[PDB]
Amino acid sequence: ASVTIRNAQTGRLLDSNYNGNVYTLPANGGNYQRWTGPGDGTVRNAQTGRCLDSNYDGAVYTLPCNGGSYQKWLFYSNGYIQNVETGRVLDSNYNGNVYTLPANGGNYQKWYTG
Ligand SMILES: OC[C@H]1O[C@H](O[C@@H]2[C@@H](O[C@H]3[C@@H](O)[C@H](O)[C@@H](CO)O[C@@H]3O)O[C@H](CO)[C@@H](O)[C@@H]2O)[C@@H](O)[C@@H](O)[C@@H]1O
Ligand SMILES: OC[C@H]1O[C@H](O[C@@H]2[C@@H](O[C@H]3[C@@H](O)[C@H](O)[C@@H](CO)O[C@@H]3O)O[C@H](CO)[C@@H](O)[C@@H]2O)[C@@H](O)[C@@H](O)[C@@H]1O
Ligand SMILES: OC[C@H]1O[C@H](O[C@@H]2[C@@H](O[C@H]3[C@@H](O)[C@H](O)[C@@H](CO)O[C@@H]3O)O[C@H](CO)[C@@H](O)[C@@H]2O)[C@@H](O)[C@@H](O)[C@@H]1O
């Protein structure tokens, strides 16, 4: 019932912790790198239960699930993962920071989810 979310540019996996930090790390087989989608648009960490979330400033974090639009995501067939509220797309770098930015076509904004 859970998937990994892997960056097409870096190969690192979307990951998060109990404090709500979101980051990418190389694959390690743990459950903090796994995510569920229960059908309401949310992307929930398999380990912590918290929902992937972001703001207009481009911060990405996890928070307890609150039913708001900032916790809803749209997965495109081309690999973009877009915040429903802000319209910004999930992005990450070689350092492992995660953020959102306007879509720009680069592979840092493309993800393989499965
Ligand atoms: O440490 C126990 C935990 O290890 C693995 O989980 C990974 C681990 O990451 C460390 C560290 O590698 C990393 O630099 C920072 C994030 O940038 O987080 C931690 O300091 O622990 C975090 C959660 O605390 C995980 O997100 C990460 O995948 C993995 O072996 C896991 O199964 C195990 O419980
Ligand atoms: O405040 C109205 C907004 O609330 C809910 O969205 C959440 C909200 O979080 C607060 C605060 O709880 C949070 O700690 C910080 C960031 O950690 O941000 C906010 O000050 O606002 C952020 C965006 O600013 C959302 O990401 C977060 O889920 C939710 O009821 C939402 O629909 C509503 O508009
Ligand atoms: O740097 C060349 C890179 O540009 C485009 O990728 C974006 C770029 O973003 C910067 C910066 O715009 C932003 O302020 C911070 C976060 O707020 O992120 C980056 O520092 O670089 C990163 C990767 O290092 C990308 O994730 C981001 O989308 C894009 O044209 C890309 O193909 C190109 O290599």
Side-chain angles (χ1 to χ4, degrees):
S2 71
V3 294
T4 64
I5 303 178
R6 172 185 303 262
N7 189 268
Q9 179 67 36
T10 75
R12 303 168 67 99
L13 286 51
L14 194 68
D15 196 349
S16 69
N17 69 12
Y18 282 99
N19 286 328
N21 281 83
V22 174
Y23 39 85
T24 70
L25 275 172
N28 61 29
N31 212 37
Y32 296 91
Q33 289 183 348
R34 308 199 76 82
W35 301 87
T36 63
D40 55 0
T42 65
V43 177
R44 300 195 189 206
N45 191 266
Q47 177 67 20
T48 74
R50 299 169 68 99
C51 277
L52 189 66
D53 203 343
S54 71
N55 66 16
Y56 277 93
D57 177 51
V60 175
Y61 44 84
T62 72
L63 279 175
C65 299
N66 62 34
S69 52
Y70 291 97
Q71 289 178 359
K72 296 195 175 320
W73 299 84
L74 177 59
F75 288 68
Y76 288 75
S77 64
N78 65 187
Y80 284 119
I81 303 174
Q82 183 180 45
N83 191 266
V84 165
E85 174 56 39
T86 73
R88 304 169 70 89
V89 303
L90 193 68
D91 198 346
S92 70
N93 67 14
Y94 272 104
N95 192 226
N97 304 108
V98 175
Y99 44 82
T100 73
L101 284 172
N104 65 30
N107 284 318
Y108 300 90
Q109 291 179 348
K110 309 297 182 65
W111 305 85
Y112 290 108
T113 301

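By convention here, the first residue in the shown sequence is residue 1. Numbering of ligands and ligand atoms starts at 1, following listing order. Atom set for the values below is all heavy atoms of this structure, side chains included, hydrogens, waters and symmetry mates excluded.
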Any atoms of ligand 1 less than 4.0 Å from a non-hydrogen atom of [X]? List them with their elements.
X: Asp15; value: 25 (C), 26 (O), 27 (C), 28 (O)
X: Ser16; value: 26 (O)
X: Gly30; value: 32 (O)

Below 3.5 Å, N or O to N or O, backbone or side chain included: is there any such pair between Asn66 and ligand 2? yes

Short N/O distance, under 3.5 Å, between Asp53 and ligand 2? yes

Mind checking whether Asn17 has an N or O less than 3.5 Å away from an N or O of ligand 1? no

Using a plain distance cutoff, I'd like to know if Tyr32 has any nitrogen or oxygen under 3.5 Å from a nitrogen or oxygen of ligand 1. no

Give a yes or no answer on whether the side chain of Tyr56 reaches the backbone of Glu85 with a donor-acceptor pair at less than 3.5 Å. yes

Would a 4.0 Å cut-off, counted as strictly less than, catch a protein heavy atom around [atom]?
atom: atom 28 (O) of ligand 3; answer: yes
atom: atom 8 (C) of ligand 1; answer: no
atom: atom 20 (O) of ligand 3; answer: no
atom: atom 32 (O) of ligand 3; answer: yes

Got more than 12 heavy atoms from elsewhere within 6.0 Å of CZ, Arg6? no

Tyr112 atom OH: more than 12 heavy-atom contacts under 6.0 Å: no

So, regarding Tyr108 and ligand 3 (criterion: nitrogen or oxygen to nitrogen or oxygen, under 3.5 Å), is there a contact or not? no

If you measure every N or O of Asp91 against every N or O of ligand 3, does any of those distances drop under 3.5 Å? yes

Where is the nearest protein heavy atom to atom 23 (C) of ligand 2: which residue, which atom, and how far? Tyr61 OH, 3.7 Å

Which residue and heavy atom of the protein sit nearest atom 24 (O) of ligand 2, plus the separation: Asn55 CB, 4.2 Å

Going by heavy atoms, is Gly96 under 4.0 Å from ligand 1? no

Atom indices of ligand 3 within 4.0 angstrom of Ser92 heavy atoms, with elements: 26 (O)

Is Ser54 near ligand 2, meaning one of its heavy atoms is under 4.0 Å from it? yes

Which option wins on minimum heavy-atom distance to atom 17 (O) of ligand 2: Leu52, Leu63, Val60, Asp57? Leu63

Checking heavy atoms under 4.0 Å, the part of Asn21 that sits near ligand 1 is neither

